[PDB]
$ cat data.cif   # mmCIF, C-alpha atoms and all ligand atoms
data_input
loop_
_atom_site.label_atom_id
_atom_site.label_comp_id
_atom_site.auth_asym_id
_atom_site.auth_seq_id
_atom_site.Cartn_x
_atom_site.Cartn_y
_atom_site.Cartn_z
CA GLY A 1 33.54 -222.44 19.70
CA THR A 2 35.90 -223.31 16.91
CA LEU A 3 35.05 -225.93 14.31
CA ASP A 4 37.78 -228.06 12.77
CA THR A 5 38.22 -226.76 9.20
CA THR A 6 41.66 -228.26 8.39
CA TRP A 7 41.96 -231.38 6.32
CA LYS A 8 44.49 -233.89 5.12
CA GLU A 9 44.32 -236.21 2.08
CA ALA A 10 44.36 -239.99 1.94
CA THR A 11 44.18 -242.47 -0.89
CA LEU A 12 41.72 -245.32 -0.54
CA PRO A 13 44.04 -247.89 1.04
CA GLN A 14 45.09 -245.23 3.59
CA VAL A 15 41.39 -244.63 4.25
CA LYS A 16 40.89 -248.33 4.85
CA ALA A 17 43.86 -248.54 7.28
CA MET A 18 42.45 -245.63 9.22
CA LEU A 19 38.94 -247.12 9.39
CA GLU A 20 40.50 -250.21 10.99
CA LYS A 21 41.88 -248.01 13.82
CA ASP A 22 38.45 -247.48 15.35
CA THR A 23 38.74 -248.99 18.87
CA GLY A 24 35.06 -249.81 19.39
CA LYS A 25 33.32 -253.15 19.75
CA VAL A 26 30.39 -253.76 17.45
CA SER A 27 27.11 -255.22 18.72
CA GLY A 28 24.18 -255.10 16.34
CA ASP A 29 23.80 -251.43 15.45
CA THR A 30 25.91 -250.21 18.40
CA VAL A 31 29.62 -249.50 18.77
CA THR A 32 30.91 -249.51 22.35
CA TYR A 33 34.18 -247.90 23.38
CA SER A 34 36.14 -248.49 26.63
CA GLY A 35 39.18 -246.93 28.28
CA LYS A 36 40.51 -243.49 29.12
CA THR A 37 41.26 -242.65 25.49
CA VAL A 38 39.08 -243.96 22.62
CA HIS A 39 39.39 -243.61 18.86
CA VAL A 40 36.27 -243.10 16.77
CA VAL A 41 36.85 -243.40 12.98
CA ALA A 42 33.84 -242.31 10.92
CA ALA A 43 33.41 -242.06 7.16
CA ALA A 44 30.67 -240.34 5.18
CA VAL A 45 29.11 -242.88 2.78
CA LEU A 46 31.59 -245.70 2.36
CA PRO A 47 31.08 -247.36 -1.05
CA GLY A 48 28.32 -249.96 -0.92
CA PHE A 49 26.56 -248.17 1.93
CA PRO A 50 23.34 -246.15 1.53
CA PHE A 51 23.27 -242.44 0.86
CA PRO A 52 23.29 -240.59 3.08
CA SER A 53 24.91 -242.29 6.03
CA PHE A 54 27.98 -242.32 8.24
CA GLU A 55 29.91 -245.59 8.71
CA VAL A 56 31.74 -246.31 11.96
CA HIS A 57 33.46 -249.70 12.39
CA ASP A 58 31.72 -250.94 9.24
CA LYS A 59 28.19 -250.20 10.52
CA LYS A 60 25.62 -247.66 9.29
CA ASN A 61 24.83 -244.73 11.56
CA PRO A 62 25.47 -246.74 14.74
CA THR A 63 24.85 -245.65 18.26
CA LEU A 64 28.24 -244.96 19.85
CA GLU A 65 28.56 -245.78 23.55
CA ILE A 66 31.37 -243.76 25.10
CA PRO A 67 32.60 -243.66 28.73
CA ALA A 68 32.01 -240.45 30.61
CA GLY A 69 35.33 -238.60 31.10
CA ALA A 70 37.13 -240.29 28.21
CA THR A 71 39.27 -238.36 25.79
CA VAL A 72 37.59 -238.95 22.41
CA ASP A 73 39.79 -238.75 19.35
CA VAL A 74 37.61 -238.56 16.27
CA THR A 75 38.90 -239.13 12.77
CA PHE A 76 36.30 -238.12 10.14
CA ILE A 77 36.81 -239.15 6.52
CA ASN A 78 34.61 -238.11 3.59
CA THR A 79 34.54 -240.93 1.02
CA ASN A 80 31.40 -239.78 -0.81
CA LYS A 81 32.02 -238.49 -4.35
CA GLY A 82 30.37 -235.15 -5.10
CA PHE A 83 29.71 -233.91 -1.54
CA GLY A 84 31.62 -232.03 1.17
CA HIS A 85 29.92 -233.62 4.20
CA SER A 86 30.63 -232.37 7.74
CA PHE A 87 30.65 -234.35 11.03
CA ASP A 88 29.27 -232.28 13.94
CA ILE A 89 28.43 -233.42 17.44
CA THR A 90 25.44 -231.73 19.07
CA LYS A 91 22.94 -232.18 21.86
CA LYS A 92 20.03 -231.36 19.49
CA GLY A 93 18.38 -234.53 18.26
CA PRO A 94 16.38 -235.63 15.24
CA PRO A 95 14.33 -235.25 13.23
CA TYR A 96 16.16 -232.32 11.61
CA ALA A 97 14.96 -229.51 9.38
CA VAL A 98 16.51 -228.92 5.94
CA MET A 99 18.69 -226.30 7.64
CA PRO A 100 19.29 -228.35 10.78
CA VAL A 101 19.13 -226.64 14.11
CA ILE A 102 22.16 -228.09 15.90
CA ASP A 103 23.91 -225.14 17.56
CA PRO A 104 25.80 -225.19 19.67
CA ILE A 105 28.08 -227.76 18.08
CA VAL A 106 30.13 -229.21 20.99
CA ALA A 107 32.85 -230.69 18.75
CA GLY A 108 33.11 -231.22 15.02
CA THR A 109 34.14 -230.17 11.56
CA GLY A 110 33.25 -227.75 8.83
CA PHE A 111 32.47 -228.95 5.30
CA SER A 112 34.96 -231.57 4.05
CA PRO A 113 36.70 -231.47 0.70
CA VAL A 114 34.90 -233.32 -2.07
CA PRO A 115 36.84 -236.43 -3.22
CA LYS A 116 39.17 -235.60 -6.09
CA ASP A 117 41.68 -237.67 -8.09
CA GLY A 118 41.50 -240.75 -5.91
CA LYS A 119 42.08 -238.71 -2.72
CA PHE A 120 39.77 -238.26 0.21
CA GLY A 121 39.70 -235.50 2.77
CA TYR A 122 39.95 -236.41 6.45
CA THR A 123 40.63 -234.69 9.76
CA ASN A 124 41.20 -235.38 13.42
CA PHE A 125 39.66 -233.57 16.37
CA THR A 126 39.32 -234.27 20.05
CA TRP A 127 36.27 -234.16 22.30
CA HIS A 128 35.97 -234.31 26.11
CA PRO A 129 32.33 -235.20 26.74
CA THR A 130 30.40 -235.19 29.95
CA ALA A 131 27.55 -237.71 30.41
CA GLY A 132 24.48 -237.24 28.16
CA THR A 133 23.18 -238.13 24.70
CA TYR A 134 24.53 -236.39 21.66
CA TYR A 135 24.17 -236.84 17.89
CA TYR A 136 26.70 -236.68 15.08
CA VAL A 137 25.25 -234.87 12.05
CA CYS A 138 26.06 -233.34 8.66
CA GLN A 139 25.22 -229.66 8.10
CA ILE A 140 24.75 -229.81 4.30
CA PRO A 141 21.14 -228.68 3.68
CA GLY A 142 18.78 -231.63 3.60
CA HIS A 143 21.33 -234.31 4.60
CA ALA A 144 20.44 -234.60 8.29
CA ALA A 145 16.76 -234.36 7.28
CA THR A 146 17.26 -237.38 5.06
CA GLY A 147 19.08 -239.58 7.58
CA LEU A 148 22.72 -238.43 7.82
CA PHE A 149 23.03 -238.61 11.60
CA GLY A 150 23.69 -241.04 14.39
CA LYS A 151 23.42 -241.14 18.15
CA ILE A 152 26.07 -241.03 20.88
CA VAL A 153 25.40 -242.04 24.49
CA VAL A 154 28.06 -240.94 27.02
CA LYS A 155 27.79 -242.45 30.46
CU CU B 1 26.22 -234.25 4.09
#
$ encode --input "data.cif" --output "structure tokens"
Amino acid sequence: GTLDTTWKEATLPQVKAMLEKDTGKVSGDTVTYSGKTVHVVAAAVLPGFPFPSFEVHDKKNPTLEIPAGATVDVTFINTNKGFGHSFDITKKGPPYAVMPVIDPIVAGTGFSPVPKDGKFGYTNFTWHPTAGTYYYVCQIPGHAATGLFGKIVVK
């Protein structure tokens, strides 16, 4: 397939507005989405959160519960200075090797731009999942191995 390798730029307040567009409901460490079309907004290492992690709806690496047959619009933002993290959805689960074995990637991005001059790289892609469990992971060597992944349950 093709990975999403095209990115836009957002200042911090734009990043924050976008994060607030996530349509999920938080419960504990889970984010549950409902409806025909859902909007997942994920960020790589929001300030104040542990490295390395993804934040979705203000939670760290949460399990995303998505309805089978939904159109999933994912916005991925990299807010972590010094890194070009990716966001890739795969059926291969953890733990991951330093070079993570995650092919085939069912939907996702290439490496993001590193933050520069108050601007953060972000991108939008769409996913049409069938029922199953998937994981969202970064491909930068060692990141997935050190905790940069989360789970998705589609049902
Ligand atoms: Cu990474």
$ closest_residue --input "data.cif" --among "A:144, A:44, A:107, A:154" --to "residue 2 (chain A)" --atoms "all atoms listed in the file"
A:107
$ closest_atom_pairs --input "data.cif" --of "chain A" --to "ligand CU 1 (chain B)" --cutoff "9 Å" --atoms "only C-alpha atoms and all ligand atoms" --output "tab-separated table"
residue	atom	partner	partner_atom	distance
A:44	CA	B:CU1	CU	7.6
A:52	CA	B:CU1	CU	7.1
A:53	CA	B:CU1	CU	8.4
A:83	CA	B:CU1	CU	6.6
A:84	CA	B:CU1	CU	6.5
A:85	CA	B:CU1	CU	3.8
A:86	CA	B:CU1	CU	6.0
A:87	CA	B:CU1	CU	8.2
A:111	CA	B:CU1	CU	8.3
A:137	CA	B:CU1	CU	8.0
A:138	CA	B:CU1	CU	4.7
A:139	CA	B:CU1	CU	6.2
A:140	CA	B:CU1	CU	4.7
A:141	CA	B:CU1	CU	7.5
A:142	CA	B:CU1	CU	7.9
A:143	CA	B:CU1	CU	4.9
A:144	CA	B:CU1	CU	7.2
A:148	CA	B:CU1	CU	6.6
$ closest_residue --input "data.cif" --among "A:66, A:72, A:105, A:99" --to "residue 131 (chain A)" --atoms "only C-alpha atoms"
A:66
$ closest_residue --input "data.cif" --among "A:4, A:96, A:113, A:152" --to "residue 31 (chain A)" --atoms "only C-alpha atoms"
A:152
$ atom_distance --input "data.cif" --atom1 "CA of residue 88 (chain A)" --atom2 "CA of residue 102 (chain A)"
8.5 Å
$ build_atoms --input "data.cif" --residues "region 74-106 of chain A" --atoms "N, CA and C atoms" --output "PDB file, in the frame of the given file"
ATOM      1  N   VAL A  74      38.441-238.221  17.398  1.00  0.00           N
ATOM      2  CA  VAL A  74      37.610-238.560  16.270  1.00  0.00           C
ATOM      3  C   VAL A  74      38.386-238.299  14.998  1.00  0.00           C
ATOM      4  N   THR A  75      38.408-239.296  14.123  1.00  0.00           N
ATOM      5  CA  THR A  75      38.900-239.130  12.770  1.00  0.00           C
ATOM      6  C   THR A  75      37.662-239.211  11.867  1.00  0.00           C
ATOM      7  N   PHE A  76      37.420-238.164  11.077  1.00  0.00           N
ATOM      8  CA  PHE A  76      36.300-238.120  10.140  1.00  0.00           C
ATOM      9  C   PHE A  76      36.852-238.065   8.721  1.00  0.00           C
ATOM     10  N   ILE A  77      36.406-239.020   7.910  1.00  0.00           N
ATOM     11  CA  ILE A  77      36.810-239.150   6.520  1.00  0.00           C
ATOM     12  C   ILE A  77      35.610-239.003   5.601  1.00  0.00           C
ATOM     13  N   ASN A  78      35.722-238.202   4.543  1.00  0.00           N
ATOM     14  CA  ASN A  78      34.610-238.110   3.590  1.00  0.00           C
ATOM     15  C   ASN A  78      34.931-238.927   2.351  1.00  0.00           C
ATOM     16  N   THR A  79      34.292-240.079   2.193  1.00  0.00           N
ATOM     17  CA  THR A  79      34.540-240.930   1.020  1.00  0.00           C
ATOM     18  C   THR A  79      33.440-240.823  -0.047  1.00  0.00           C
ATOM     19  N   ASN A  80      32.549-239.854   0.086  1.00  0.00           N
ATOM     20  CA  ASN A  80      31.400-239.780  -0.810  1.00  0.00           C
ATOM     21  C   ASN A  80      31.605-238.813  -1.969  1.00  0.00           C
ATOM     22  N   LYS A  81      31.812-239.343  -3.174  1.00  0.00           N
ATOM     23  CA  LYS A  81      32.020-238.490  -4.350  1.00  0.00           C
ATOM     24  C   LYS A  81      30.916-237.455  -4.497  1.00  0.00           C
ATOM     25  N   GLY A  82      31.308-236.232  -4.835  1.00  0.00           N
ATOM     26  CA  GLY A  82      30.370-235.150  -5.100  1.00  0.00           C
ATOM     27  C   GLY A  82      29.860-234.318  -3.939  1.00  0.00           C
ATOM     28  N   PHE A  83      30.229-234.656  -2.701  1.00  0.00           N
ATOM     29  CA  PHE A  83      29.710-233.910  -1.540  1.00  0.00           C
ATOM     30  C   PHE A  83      30.837-233.523  -0.599  1.00  0.00           C
ATOM     31  N   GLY A  84      30.642-232.459   0.177  1.00  0.00           N
ATOM     32  CA  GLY A  84      31.620-232.030   1.170  1.00  0.00           C
ATOM     33  C   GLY A  84      31.028-232.162   2.572  1.00  0.00           C
ATOM     34  N   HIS A  85      30.625-233.385   2.940  1.00  0.00           N
ATOM     35  CA  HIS A  85      29.920-233.620   4.200  1.00  0.00           C
ATOM     36  C   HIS A  85      30.723-233.159   5.412  1.00  0.00           C
ATOM     37  N   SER A  86      30.019-232.751   6.467  1.00  0.00           N
ATOM     38  CA  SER A  86      30.630-232.370   7.740  1.00  0.00           C
ATOM     39  C   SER A  86      30.251-233.458   8.762  1.00  0.00           C
ATOM     40  N   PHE A  87      30.908-233.425   9.925  1.00  0.00           N
ATOM     41  CA  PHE A  87      30.650-234.350  11.030  1.00  0.00           C
ATOM     42  C   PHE A  87      30.676-233.465  12.295  1.00  0.00           C
ATOM     43  N   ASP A  88      29.484-233.186  12.810  1.00  0.00           N
ATOM     44  CA  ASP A  88      29.270-232.280  13.940  1.00  0.00           C
ATOM     45  C   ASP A  88      28.511-232.952  15.053  1.00  0.00           C
ATOM     46  N   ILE A  89      29.057-232.860  16.262  1.00  0.00           N
ATOM     47  CA  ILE A  89      28.430-233.420  17.440  1.00  0.00           C
ATOM     48  C   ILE A  89      27.621-232.338  18.169  1.00  0.00           C
ATOM     49  N   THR A  90      26.380-232.672  18.487  1.00  0.00           N
ATOM     50  CA  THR A  90      25.440-231.730  19.070  1.00  0.00           C
ATOM     51  C   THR A  90      24.532-232.421  20.052  1.00  0.00           C
ATOM     52  N   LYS A  91      23.983-231.651  20.980  1.00  0.00           N
ATOM     53  CA  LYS A  91      22.940-232.180  21.860  1.00  0.00           C
ATOM     54  C   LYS A  91      21.554-232.188  21.207  1.00  0.00           C
ATOM     55  N   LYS A  92      21.343-231.399  20.152  1.00  0.00           N
ATOM     56  CA  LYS A  92      20.030-231.360  19.490  1.00  0.00           C
ATOM     57  C   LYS A  92      19.795-232.596  18.666  1.00  0.00           C
ATOM     58  N   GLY A  93      18.681-233.278  18.920  1.00  0.00           N
ATOM     59  CA  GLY A  93      18.380-234.530  18.260  1.00  0.00           C
ATOM     60  C   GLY A  93      17.435-234.405  17.084  1.00  0.00           C
ATOM     61  N   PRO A  94      17.254-235.528  16.415  1.00  0.00           N
ATOM     62  CA  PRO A  94      16.380-235.630  15.240  1.00  0.00           C
ATOM     63  C   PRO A  94      14.898-235.685  15.595  1.00  0.00           C
ATOM     64  N   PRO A  95      13.987-235.523  14.622  1.00  0.00           N
ATOM     65  CA  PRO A  95      14.330-235.250  13.230  1.00  0.00           C
ATOM     66  C   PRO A  95      14.855-233.830  13.031  1.00  0.00           C
ATOM     67  N   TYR A  96      15.552-233.615  11.922  1.00  0.00           N
ATOM     68  CA  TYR A  96      16.160-232.320  11.610  1.00  0.00           C
ATOM     69  C   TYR A  96      15.494-231.662  10.427  1.00  0.00           C
ATOM     70  N   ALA A  97      15.430-230.331  10.485  1.00  0.00           N
ATOM     71  CA  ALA A  97      14.960-229.510   9.380  1.00  0.00           C
ATOM     72  C   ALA A  97      15.981-229.504   8.241  1.00  0.00           C
ATOM     73  N   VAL A  98      15.575-229.008   7.072  1.00  0.00           N
ATOM     74  CA  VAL A  98      16.510-228.920   5.940  1.00  0.00           C
ATOM     75  C   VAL A  98      17.766-228.122   6.330  1.00  0.00           C
ATOM     76  N   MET A  99      17.571-227.005   7.009  1.00  0.00           N
ATOM     77  CA  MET A  99      18.690-226.300   7.640  1.00  0.00           C
ATOM     78  C   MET A  99      18.621-226.735   9.089  1.00  0.00           C
ATOM     79  N   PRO A 100      19.441-227.702   9.477  1.00  0.00           N
ATOM     80  CA  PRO A 100      19.290-228.350  10.780  1.00  0.00           C
ATOM     81  C   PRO A 100      19.636-227.442  11.913  1.00  0.00           C
ATOM     82  N   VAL A 101      18.828-227.466  12.958  1.00  0.00           N
ATOM     83  CA  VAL A 101      19.130-226.640  14.110  1.00  0.00           C
ATOM     84  C   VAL A 101      19.937-227.536  15.047  1.00  0.00           C
ATOM     85  N   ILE A 102      21.241-227.278  15.103  1.00  0.00           N
ATOM     86  CA  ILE A 102      22.160-228.090  15.900  1.00  0.00           C
ATOM     87  C   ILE A 102      23.115-227.270  16.776  1.00  0.00           C
ATOM     88  N   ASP A 103      23.050-225.949  16.706  1.00  0.00           N
ATOM     89  CA  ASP A 103      23.910-225.140  17.560  1.00  0.00           C
ATOM     90  C   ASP A 103      23.443-225.301  18.999  1.00  0.00           C
ATOM     91  N   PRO A 104      24.372-225.303  19.949  1.00  0.00           N
ATOM     92  CA  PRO A 104      25.800-225.190  19.670  1.00  0.00           C
ATOM     93  C   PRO A 104      26.405-226.553  19.354  1.00  0.00           C
ATOM     94  N   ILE A 105      27.333-226.553  18.412  1.00  0.00           N
ATOM     95  CA  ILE A 105      28.080-227.760  18.080  1.00  0.00           C
ATOM     96  C   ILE A 105      29.183-227.881  19.147  1.00  0.00           C
ATOM     97  N   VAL A 106      29.175-228.983  19.895  1.00  0.00           N
ATOM     98  CA  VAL A 106      30.130-229.210  20.990  1.00  0.00           C
ATOM     99  C   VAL A 106      31.517-229.674  20.533  1.00  0.00           C
TER     100      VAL A 106
END
